[PDB]
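# Coordinate analysis (summary)
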Amino acid sequence: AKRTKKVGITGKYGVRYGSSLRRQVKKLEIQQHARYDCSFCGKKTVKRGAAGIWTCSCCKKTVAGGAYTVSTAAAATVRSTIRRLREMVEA
Amino acid sequence: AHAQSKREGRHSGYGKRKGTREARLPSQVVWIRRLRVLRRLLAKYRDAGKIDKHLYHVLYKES
Amino acid sequence: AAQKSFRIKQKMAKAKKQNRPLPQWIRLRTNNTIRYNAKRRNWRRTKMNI
Amino acid sequence: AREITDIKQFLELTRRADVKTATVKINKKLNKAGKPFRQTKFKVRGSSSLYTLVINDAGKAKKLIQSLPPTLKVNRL
Amino acid sequence: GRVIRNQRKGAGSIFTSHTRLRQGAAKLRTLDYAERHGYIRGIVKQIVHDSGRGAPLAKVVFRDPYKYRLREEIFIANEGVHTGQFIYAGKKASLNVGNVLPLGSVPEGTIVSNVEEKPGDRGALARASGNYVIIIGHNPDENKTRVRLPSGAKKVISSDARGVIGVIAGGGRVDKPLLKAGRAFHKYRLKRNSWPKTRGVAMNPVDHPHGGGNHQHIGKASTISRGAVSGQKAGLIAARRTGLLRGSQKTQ
Amino acid sequence: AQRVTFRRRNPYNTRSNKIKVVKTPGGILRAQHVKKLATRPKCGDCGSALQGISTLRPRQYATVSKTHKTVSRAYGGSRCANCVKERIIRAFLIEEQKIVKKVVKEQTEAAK
RNA sequence: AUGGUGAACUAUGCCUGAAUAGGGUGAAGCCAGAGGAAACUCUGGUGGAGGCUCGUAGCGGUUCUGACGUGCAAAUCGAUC
RNA sequence: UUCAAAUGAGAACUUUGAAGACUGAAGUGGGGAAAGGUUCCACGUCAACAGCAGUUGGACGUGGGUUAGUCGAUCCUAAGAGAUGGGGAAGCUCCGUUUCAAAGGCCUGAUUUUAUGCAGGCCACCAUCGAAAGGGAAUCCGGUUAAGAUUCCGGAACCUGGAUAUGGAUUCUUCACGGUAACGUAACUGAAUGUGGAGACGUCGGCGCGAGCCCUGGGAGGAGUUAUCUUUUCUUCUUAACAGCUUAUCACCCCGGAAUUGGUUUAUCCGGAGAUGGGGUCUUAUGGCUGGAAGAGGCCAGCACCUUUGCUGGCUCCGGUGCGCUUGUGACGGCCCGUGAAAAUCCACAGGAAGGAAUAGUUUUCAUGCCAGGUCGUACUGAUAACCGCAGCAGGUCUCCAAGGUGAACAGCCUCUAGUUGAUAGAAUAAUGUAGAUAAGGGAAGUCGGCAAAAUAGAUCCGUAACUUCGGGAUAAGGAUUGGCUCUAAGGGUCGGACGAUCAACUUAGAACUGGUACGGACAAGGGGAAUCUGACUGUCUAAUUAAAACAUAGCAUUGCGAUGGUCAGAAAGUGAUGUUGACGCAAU
Ligand SMILES: [Mg+2]
Ligand SMILES: [Mg+2]
Ligand SMILES: [Mg+2]
Ligand SMILES: [Mg+2]
Ligand SMILES: [Mg+2]
Ligand SMILES: [Mg+2]
Ligand SMILES: [Mg+2]
Ligand SMILES: [Mg+2]
Ligand SMILES: [Mg+2]
Ligand SMILES: [Mg+2]
Ligand SMILES: [Mg+2]
Ligand SMILES: [Mg+2]
Ligand SMILES: [Mg+2]
Ligand SMILES: [Mg+2]
Ligand SMILES: [Mg+2]
Ligand SMILES: [Mg+2]
Ligand SMILES: [Mg+2]
Ligand SMILES: [Mg+2]
Ligand SMILES: [Mg+2]
Ligand SMILES: [Mg+2]
Ligand SMILES: [Mg+2]
Ligand SMILES: [Mg+2]
Ligand SMILES: [Mg+2]
Ligand SMILES: [Mg+2]
Ligand SMILES: [Mg+2]
Ligand SMILES: [Mg+2]
Ligand SMILES: [Mg+2]
Ligand SMILES: [Mg+2]
Ligand SMILES: [Mg+2]
Ligand SMILES: [Mg+2]
Ligand SMILES: [Mg+2]
Ligand SMILES: [Mg+2]
Ligand SMILES: [Mg+2]
Ligand SMILES: [Mg+2]
Ligand SMILES: [Mg+2]
Ligand SMILES: [Mg+2]
Ligand SMILES: [Mg+2]
Ligand SMILES: [Mg+2]
Ligand SMILES: [Mg+2]
Ligand SMILES: [Mg+2]
Ligand SMILES: [Mg+2]
Ligand SMILES: [Mg+2]
Ligand SMILES: [Mg+2]
Ligand SMILES: [Mg+2]
Ligand SMILES: [Mg+2]
Ligand SMILES: [Mg+2]
Ligand SMILES: [Mg+2]
Ligand SMILES: [Mg+2]
Ligand SMILES: [Mg+2]
Ligand SMILES: [Mg+2]
Ligand SMILES: [Mg+2]
Ligand SMILES: [Mg+2]
Ligand SMILES: [Mg+2]
Ligand SMILES: [Mg+2]
Ligand SMILES: [Mg+2]
Ligand SMILES: [Mg+2]
Ligand SMILES: [Mg+2]
Ligand SMILES: [Mg+2]
Ligand SMILES: [Mg+2]
Ligand SMILES: [Mg+2]
Ligand SMILES: [Mg+2]
Ligand SMILES: [Mg+2]
Ligand SMILES: [Mg+2]
Ligand SMILES: [Mg+2]
Ligand SMILES: [Mg+2]
Ligand SMILES: [Mg+2]
Ligand SMILES: [Mg+2]
Ligand SMILES: [Mg+2]
Ligand SMILES: [Zn+2]
């Protein structure tokens, strides 16, 4: 009852395309089907639909963000870069 | 007359089947049959206190 | 053609009425050359093209 | 088109105005117990609605036929 | 020979953009008194997905300064901005992610999106899923600000050019393999008739300068003068060099 | 074992060509075309199904009484109870804090 | 050479619509059980993924180098596919 | 295909009767879209035409026939097409469609010389054409013809526009009450302006439910069969649009405050942001009852009698079943670098300009009543003869409805309803053929080459190699089994408190008995295995000699370009594609 060993969600692709493409797909396929925490809302209820739009089933809140994840590591660090500059323009 | 003999269980040996077992009766159908019977029995036994709500749960996950 | 335009049905009517044998008494007129309707039509031989 | 049940209103209908016609039907129905009774249906052609009234009791029925304005052309059976 | 395929694009026709399912065009608000001087607040009424454009869109609706009504503008959602977020726009609008500020009102190091090239042209640079431009410095000598554009080149533009704080949403789309022709098909099914692509070397001569066949080979250099005439411009155009490099970075 | 036919020249199974099978006083099978279903009107600012409001195709709302197109409360049609409860409270608390916004900023005015 | 006419066939994009028996496989997600000092690991279910598979209609046209080859047919017919 | 009769100068071929058969609901059945255009229907009729024939016809002659407020067109907008102020062009005209433009028309007061000039005033980057499959106001049943019918007849309705009067509701607290609330209602003023909603939307999957169909029990009829058996076989037993009450998964409200966490779907989601529980509110999709409506329709019976026609009576009832079939639909779920039209049109809310009563007025979103609803199409075929292929051509051309058995099954084979039995015919059975079969022994020795043929084949159980991108390879290979009959055991629903009552299914495993050892008995239905070259894969193309190893593809790399731009279009332009674009981009290899 373990089912697979490596492939997982990507048993779907069977044998085609070859390991690495299938491999890298798997990683992001898993990101985009994940259920994420809600900022405003607390609940683990943010599901994806269409690249970048991320909306909370429970409280109907929608966030812009990553194509395959809620929040870019690049967006994240820029978040901080911005606040950092902001706190300076009011100190 | 034949349909009669069929439910006397008569014309369905191993050489009277052309469909896979799954094809003639689907497994998922069986399960849903089997499952809802258990769900319903566990329900009745709760609205009757033959078993407590706590045991129920356990048996509900167990079914 | 089932649901048709007036204009065509219009032409269809004229096309039906042209379609008959030459009036026999015309063959009795004086100095008459005509013998038959040499412009007769029939839906299974020569089409109308609308 | 409409069923009527008030015995007061039905009479208010039999005159009305637009009412110039009505009809009287007799159904040989059966009751739940299974005894041959005589249901009689009273129908009045409105102007855009057929008000019909159902009376199971033959009594208040064969009374009511003689309760209509006699200036009303009534079809019988 | 015959008019080659790349010339045949210019007459539009078969090759126009498939735009039925698009929202509207994405633009910034028209630069008016409010945004010229102070700021103006709006609510993002929904964030939505434009067809043929990874990167979602923000329908954020402002009131009308000059009349009783609501005016919906179509913004490109800048990642993290959400429904119900308030969107303040103008010279005096504070440094939060989503607002749209002139390029003079932002400190060096600020990163922004959907920036105008001339003030009031309502958006121009950094608009593709995940992109952004970075202010590097300022200059009162004409209201100008120097930025870093996603391509890497630096451009000096008016400080009255607006941008919207932050990075375009739509994340790292290209990080995921298309896997199969089908997926690419649908991709361009919503953009434009450019797929698949027939290699010219598989053409006959009459369709392409490469199409000269009998062994599939380009025959002469594949690197064409900038001054060559349409009909000859196929391949590596005014290429100032060719081949593999590992170039790491760009123009700093 | 009886078969049937459209009653309109349109021969293609589209949406406007939906068909019902009906047995009739004739005791014969007959088709009837049914106008496509309606959808419940939706909350202005939360898109929920408006409760108490009847569900007809658009022009059929012109044939109908007005208790059919509302409920008795502010935003009868339009928005959905909690959507106006939230609406009211938000207004209050803000207008309240407006006062406070001002008396308080008036206060540190005299501080200077 | 000049001036005209064709996308009713066909190639491609767009718009709006319509269509495709029955089976084999059993991917994510979820439930329970067993072994174990632990970490974990095993078993049994459930679920129903795929430019997945056997195979009609559909679309196609591999082979017989079959039939026909003054034809049913200026491209068809049969089997096979 | 056959027999006979009828009609006729004349009969293999026409009609009626009988037999024998086919199509087998994926139809040789019933309708339509394109297209045709009278081919439809009746009568007369056979020179030509139907590659034999003809008394027959889609032929020839003569006539008849297509009835609408509700079915379409018509209105709307789609890709697009295209007038206008303009800008190019010697010009035929090219470009542009809100475009560098003085681009309008709505309300209503003033005036009671008048239905009218005007005095208020908001609102308007704005031709039009473009769907008989998209959007869309409203009709159903029965009956009727030689041929028309959602069009005529009869009955029952609905919509739209215009009129309006009576009733009812509302008010001295003027513009309604009730319910804690979700909200209820026969109503219950609402200009400008703003806003919200419907119109209005992908695909797949399992699950719930309706409709029709399928199967079936009792009975009330008719029919068949009856040497003998069968309380038997076949069949009839129906209920429209619309109206009233009633009816729902979802959802929402009130009470209440949860770890021993509970609730809970086939599918594991939900709950202090208020679960479970108790009690309500909604949507009316859909079902039930009644009206419509038995007077209709269906099935029988007894009389009547040249015809037309009847006439009089009965009966038309009460259940059951489900992984059933088709379809409709609900709440979920999977999928995307795809997230799956528009506009006309209808409604609502916010707003409160205004107009309104007490001896009286307000309101026609409540019931009732009056009037009108044009124009064009409407026949029929829709294909092995009504279209396109010179034709009555074995080709081609969009779509809907879909019964029984076997069986996994819309397969194959057999049948019912309906429809055909039409493809010149007679006599013989040489060669050689085209299509279908079979061969002793050998088993590819044939041949360029196993070409052609043969062999395998369902299902249950067992079993299963190298290699591998760990997914596969794999139905690998290799085996046993399979009929009939009689039994055994296991697997469910409902009603009464570990039993008990009642109902209703087939399916699964096992055992005995049996036969010329047969049994996926027809039908249906993979041959396998070891390698080399080669393209990764699914996909594509030389319509009519090449389907491949060629083209494509994902993947990889390179080039150009920051809009005063790159690539491309144009004779020219205030011209155009990419562009509803902006480097996670477009363009070029
Ligand atoms: Mg299955
Ligand atoms: Mg299963
Ligand atoms: Mg038509
Ligand atoms: Mg040329
Ligand atoms: Mg294109
Ligand atoms: Mg365009
Ligand atoms: Mg749109
Ligand atoms: Mg293409
Ligand atoms: Mg290529
Ligand atoms: Mg070539
Ligand atoms: Mg060259
Ligand atoms: Mg050349
Ligand atoms: Mg090469
Ligand atoms: Mg019709
Ligand atoms: Mg339509
Ligand atoms: Mg209501
Ligand atoms: Mg209501
Ligand atoms: Mg599957
Ligand atoms: Mg496979
Ligand atoms: Mg296959
Ligand atoms: Mg099969
Ligand atoms: Mg194909
Ligand atoms: Mg075929
Ligand atoms: Mg070939
Ligand atoms: Mg040949
Ligand atoms: Mg010959
Ligand atoms: Mg053969
Ligand atoms: Mg014959
Ligand atoms: Mg047969
Ligand atoms: Mg069949
Ligand atoms: Mg005749
Ligand atoms: Mg002849
Ligand atoms: Mg003859
Ligand atoms: Mg006539
Ligand atoms: Mg209509
Ligand atoms: Mg023009
Ligand atoms: Mg139009
Ligand atoms: Mg009729
Ligand atoms: Mg809308
Ligand atoms: Mg649509
Ligand atoms: Mg029986
Ligand atoms: Mg109706
Ligand atoms: Mg209560
Ligand atoms: Mg209803
Ligand atoms: Mg069921
Ligand atoms: Mg509404
Ligand atoms: Mg007709
Ligand atoms: Mg017809
Ligand atoms: Mg025919
Ligand atoms: Mg023809
Ligand atoms: Mg011709
Ligand atoms: Mg033909
Ligand atoms: Mg079917
Ligand atoms: Mg056959
Ligand atoms: Mg026929
Ligand atoms: Mg012949
Ligand atoms: Mg031999
Ligand atoms: Mg041998
Ligand atoms: Mg030899
Ligand atoms: Mg040889
Ligand atoms: Mg040899
Ligand atoms: Mg062979
Ligand atoms: Mg043999
Ligand atoms: Mg046996
Ligand atoms: Mg290949
Ligand atoms: Mg496939
Ligand atoms: Mg060829
Ligand atoms: Mg091939
Ligand atoms: Zn949330």
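Summary of conventions: residues on each chain are numbered from 1 in written sequence order, possibly unlike the entry numbering, and any residue without coordinates is omitted from what is shown. Chains carry letters and ligands carry numbers; both start at the beginning, A for chains and 1 for ligands, and go up in the order they are written. As shown, the structure covers only some chains of a larger assembly, and all values describe those chains. Side-chain numbers here rest on the full set of heavy atoms in the structure, without hydrogens or water.

This part covers the protein's contact with RNA strand G. Neighbouring RNA strand G are 29 residues, the closest being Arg3 and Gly8 of chain A, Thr20 and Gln28 of chain B together with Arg20 of chain E. Whether a residue is near a molecule or strand is decided by its heavy atoms; if any one of them lies within 4 Å of it, the residue is near. In RNA strand G, atoms within 4 Å of the protein come from the sugar-phosphate backbone in 73% of cases. In this structure, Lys61 of chain B approaches RNA strand G through a main-chain N or O atom, which is 2.8 Å from a sugar or linking oxygen. Take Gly182 of chain E: an N or O atom from its main chain is 2.8 Å from a base nitrogen of RNA strand G. We count a stretch as a helix when DSSP gives it H or I for four or more residues in a row; a strand needs E for two or more, and each element gets its number in order from the N terminus. Only α2 (21-24), α3 (27-44) and α4 (53-62) of chain B together with α2 (181-189) of chain E provide two or more residues apiece to the surface near RNA strand G. Each residue is assigned to one class: nonpolar for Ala, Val, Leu, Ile, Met, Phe, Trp, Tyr, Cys and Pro, charged for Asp, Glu, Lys and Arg, and polar for all the others, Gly among them. Of the residues in the surface near RNA strand G, the class split is eight nonpolar, eleven polar and ten charged. For the purposes of these results, a polar contact is taken to be a pair of N or O atoms within 3.5 Å, where, inside protein, one atom must be able to donate a hydrogen and its partner to accept one; residues adjacent in sequence count only when each atom of the pair is a side-chain atom.

Moving on, we get to the arrangement of the chains. Only heavy atoms enter the contact rule, under which two residues are in contact if any of them lie within 4.5 Å. Counting contacts across all two pairs of chains found in contact, the highest total belongs to chains A and E. Nothing in chain A touches chain B; the tightest C-alpha to C-alpha distance between them is still 17 Å. The two partners chain A and chain D share no contact, and the minimum distance between any of their C-alpha atoms is 48 Å.

This paragraph deals with the side chain of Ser129 of chain E. Residues and elements named next belong to chain E. Its place among the elements puts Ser129 in the loop between β6 (111-113) and β7 (133-139). On the basis of relative accessible area, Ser129 is assigned to the buried category, the value being 9%. A distance of 2.8 Å separates the side chain of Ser129 from the side chain of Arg173, its partner in a polar contact. Among all residues touching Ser129, those that are not within four sequence positions of it are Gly54, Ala55, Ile168, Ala169, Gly170, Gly171 and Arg173. When accessible area is computed with a 1.4 Å probe and restricted to protein chains, residues below 20% of their type maximum are described as buried, those above 50% as exposed, and intermediate ones as partly exposed.

Here we take up the packing of α3 of chain B against α4 of chain B. Think of two packed helices as two axes; the pair is described by the angle between the axes and how far apart they sit. All names here are of chain B. Here an axis means a line fitted to C-alpha atoms, over the contact stretch when the element is a helix, while the angle between two N-to-C directions is reported on a 0 to 180 degree scale. Closest axis-to-axis distance for the α3/α4 pair is 10 Å, and the angle between their directions is 175°. What the angle tells us is that α3 and α4 run roughly antiparallel. The segment α3 lies against α4, with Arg39, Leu42 and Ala43 engaging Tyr56, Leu59 and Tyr60. For the contact of α3 with α4, the class distribution of residues is five nonpolar, no polar and one charged. Should an angle lie under 35 degrees it is considered roughly parallel, over 145 roughly antiparallel, and from 65 to 115 roughly perpendicular; all remaining angles are considered oblique.

A few words now on the sheet that holds strand β3 (residues 39-45) of chain D. All names here are of chain D. Pairing in this open sheet of five strands is mixed, and the strands run β1-β4-β3-β2-β5 from one edge to the other. Of all strands in the sheet, those with a lone pairing partner are β1 (2-4) and β5 (73-76), marking the two edges. Adjacent strand axes in the sheet meet at a mean angle of 25° when their direction is disregarded. Here strand β2 (residues 21-27) runs beside β5; their pairing, made up of four bridges, is parallel. Two strands form a pair only when DSSP identifies at least two bridges running between them.

Residues and elements named next belong to chain E. Alignment of strand β2 (residues 56-63) against strand β3 (residues 70-76), held across seven bridges, turns out to be antiparallel. Its bridge partner lying in β3, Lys59 is registered against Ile74. Once β2 ends, the chain turns through six residues before running back antiparallel as β3.

It is worth spelling out helix α1 (residues 19-32) of chain A at this point. Residue and element names in this part refer to chain A. One less than the number of residues in a helix, times 1.5 Å, gives the span that helix is expected to have. Over its 14 residues, α1 extends 20 Å from the first C-alpha to the last, a length consistent with the 20 Å expected when each residue adds 1.5 Å. Every buried residue of α1 is accounted for by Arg22, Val25, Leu28, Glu29 and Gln32. An end-on view of α1 places all buried positions within 135° of arc, on one side of the element. Along α1, exposed side chains directed more than 90 degrees from the buried face belong to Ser19, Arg23 and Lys27. Taken together, the buried residues of α1 touch β1 (36-37), β2 (44-48) and β3 (53-56). The arc in question is the one traced by the directions running from the helix axis out to the C-beta atoms.

Moving on, we come to the protein's contact with RNA strand H. Lining the immediate environment of RNA strand H, one finds 237 residues, of which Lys43 of chain A, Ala1 of chain C, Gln7 and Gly235 of chain E together with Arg73 of chain F sit closest. Counting only atoms of RNA strand H within 4 Å of the protein, the sugar-phosphate share comes to 74%. Contact between RNA strand H and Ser47 of chain D: a phosphate oxygen at 2.8 Å from a side-chain N or O atom of the residue. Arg20 of chain E places a side-chain nitrogen or oxygen 3.2 Å from a sugar or linking oxygen of RNA strand H. When residues in the surface near RNA strand H are grouped by element, the largest group, ten residues, is from α3 of chain B.

Residues and elements named next belong to chain E. What counts as a salt bridge is simple: a side-chain nitrogen of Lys or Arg found within 4 Å of a carboxyl oxygen of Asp or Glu. Overall, the coordinates contain 18 salt bridges over all chains when judged by the stated rule. Across the salt bridge formed by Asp50 and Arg53, the nearest N and O atoms sit 2.7 Å from each other. A residue is classified by how much of its surface remains accessible, and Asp50, at 2% relative accessible area, is buried. Two residues, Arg162 and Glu116, come together in a salt bridge whose shortest N-O distance is 2.5 Å. Of this pair, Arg162 sits in strand β10 (residues 162-165) while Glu116 sits in the loop between β6 and β7, and the two are 46 residues apart along the sequence. Note on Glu116: relative accessible area 0%, which makes it buried.

Shape descriptors only; they carry no functional weight alone.
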